[PDB]
């Protein structure tokens, strides 16, 4: 069992670093082979460019990134820092994303990590996406710390449902490539947590990773219910559309179908 920890924070004194290192000690004691990826420490470049391709470009005039990136992968002409990361992606059974919440999403350095590493054919394919994604036998977690409390991200909060915020990350990025997303570890208002309570959070996180691989993941609508061709528009099957019309709740946050959204569908397991 091998695991990969990705950390997007610039400081060592950060609670994210402490939250990272805690995961390491907890998993290593369980017999895990853990590798890390402090994005800031590596001086990782999150900005995609034509230099991501180390081979002869197919069209140096009109450059299209999703075209040259797929070709380079099949020929081994991606940037050496991207290939290095991809080797860790496949070798790792569990992937942990540790970061502070930043403007209702991941930090730029992490967003750019996704963009450069999740290259077509490697991470995803339209002939094998979501349920059939390359990373099927793999589980992903989100370990986030926010400045705001949990009430502010409640259904009756000022910012809105936190479930909505985590959707374009856990669904469209993680699950899209086959990943099984587990229940996110949410840390609301960490800047306002008493000293001896912070110490407890580290323990609840370390105890969790003792039996995390046997957890029940979040629910997504399986693609077995979609047409999955380019002429139908990848829409849902009418056999199912007529079935889901008698229900009160939608399938998921993005697959709500103009009706009620399942409580904590993106934070709590089904």
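Positions refer to the first chain, counted from 1.
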Comparing 178 to 186 with 105 to 113, the higher average Cα temperature factor in the PDB entry belongs to 178 to 186
As the entry reports it, the stretch among 243 to 251 and 14 to 22 with higher mean C-alpha B factor is 243 to 251
Based on the PDB entry, the highest CA temperature factor among the options 216, 49, 37, 43 is that of 216
Sorting the chain's modelled residues by C-alpha B-factor and splitting them into thirds places residue 198 in the middle
Entry-reported C-alpha B-factor of residue 88 relative to its chain, by third, is lowest
Here the Cα B-factor of residue 134, set against its chain, lands in the third termed middle
Quick tally, chain-level thirds of C-alpha B-factors: residue 168 sits in the lowest
Residue 121: CA B-factor among chain residues, third -> middle
